[PDB]
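Listed next as structure tokens: two forms of one protein chain, kept apart as structure 1 and structure 2.
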Structure 1
């Protein structure tokens, strides 16, 4: 695809039989989601935001379809105001910024 940026880059993501939407986010080191019935336990983490720092729940080896493409990685769950797909998962599906 070749997505223009006049609106938010929200794409259909799927994860362990859960259809959702998410934000392709070139300024996000990590992928961060609001909830999902993920692999039980989670090693805790801290992530950096514009308005301070938040505590999240890290889950690894996570299979996720993004916009068609398959991806494997580290989905954090945290108090995010929108499902964010960061560079860790954007790399694998070949996603690049262009101008």
Structure 2
């Protein structure tokens, strides 16, 4: 698709069997999805913000479908108020910014 930006660029994703909504985020390095169970090993990781740090679980090579497009990458899972598709996955679905 071609998505204008007058509202939050929210799309439907499919990850680990489930349907969720996620924000297409050119400002994020990494993809972060609210709490859920995913197959495979993971490793804890700390994400930094203005007041401090939040612990999440890094899973590698996860399959996710993003508005129809399949991709594979690292997904961080933890207590985020928004599901974010970061550049690690936007690159895998071929997304660009155009103006």
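Residue numbers count along the first chain shown, from 1. Just so we're on the same page, rigid core means the largest C-alpha set that superposes within 1.5 Å between forms.
Here residue 68 does not count as shifted, since its C-alpha moves by less than 2 Å between the two structures after the core is aligned. Core-superposed comparison between the two structures: the CA of residue 52 exceeds or equals a 2 Å shift. If you overlay the core, the Cα of residue 82 moves by 0.4 Å between the two structures. Relative to the superposed rigid core, residue 40 shifts its CA by 5.8 Å between the two structures.
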